[PDB]
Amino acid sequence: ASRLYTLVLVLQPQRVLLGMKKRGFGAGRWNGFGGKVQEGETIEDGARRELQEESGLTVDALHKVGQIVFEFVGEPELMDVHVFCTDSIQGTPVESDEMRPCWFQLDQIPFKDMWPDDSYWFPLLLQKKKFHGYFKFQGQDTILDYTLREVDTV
């Protein structure tokens, strides 16, 4: 029914790292770093791998902060997105043809140029909350319906 994805937010006390994707799913929006989990890889190892592949950063310590299921009406496959945070990174963000990382101060997060669900759950991530979410989209711009709940265990 659902396909596993990861999403990693590099969140420091006064700034967050976002990446502008060049092509494919979500091109032209700022987002965290992530993608599909591979065969024989754990969700957390997938999250670490996608952070390096897309940002050039090395993370050791990840922690789980959320699980969000996305439905696109007319598309059979649900996206089961496992969301992680770190403050604890090595390396310099790498701009590549696929991805342009930038730091944002926490009061200048570019919500109008992000997926619209981020306006709902990012405020929970910034206050160190953990959450379970479901968003039903019509195409890439319109949230038809959603649920979002804070939890003590992701």
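Each form is matched to the other, and the largest set of C-alpha atoms that superpose within 1.5 Å is called the rigid core. Sequential numbering from 1, following the sequence displayed.
Engineer: Fit on the core, then compare CA atoms: does 51-59 or 93-101 lie farther from this form in 5 other deposited structures of this protein?
Structural biologist: After the core superposition, the stretch with higher RMS deviation in 5 other deposited structures of this protein is 93-101.
Engineer: Do the CA atoms of 130-138 or those of 15-23 have the higher mean B-factor in the entry?
Structural biologist: If you average the C-alpha B-factors of 130-138 and of 15-23, the larger mean comes out for 15-23.
Engineer: Return whichever of 86-94 and 115-123 has the greater mean Cα B factor according to the PDB record.
Structural biologist: It is 86-94.
Engineer: Identify, among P101, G28, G66, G35, the residue whose C-alpha carries the highest B-factor in the deposited PDB entry.
Structural biologist: Comparing C-alpha B-factors across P101, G28, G66, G35, the maximum falls on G28.
Engineer: Can you tell me which third, lowest, middle or highest, the CA B-factor of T147 falls into for its chain?
Structural biologist: For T147, whose C-alpha B-factor we compare with every modelled residue in the chain, the answer is the middle third.
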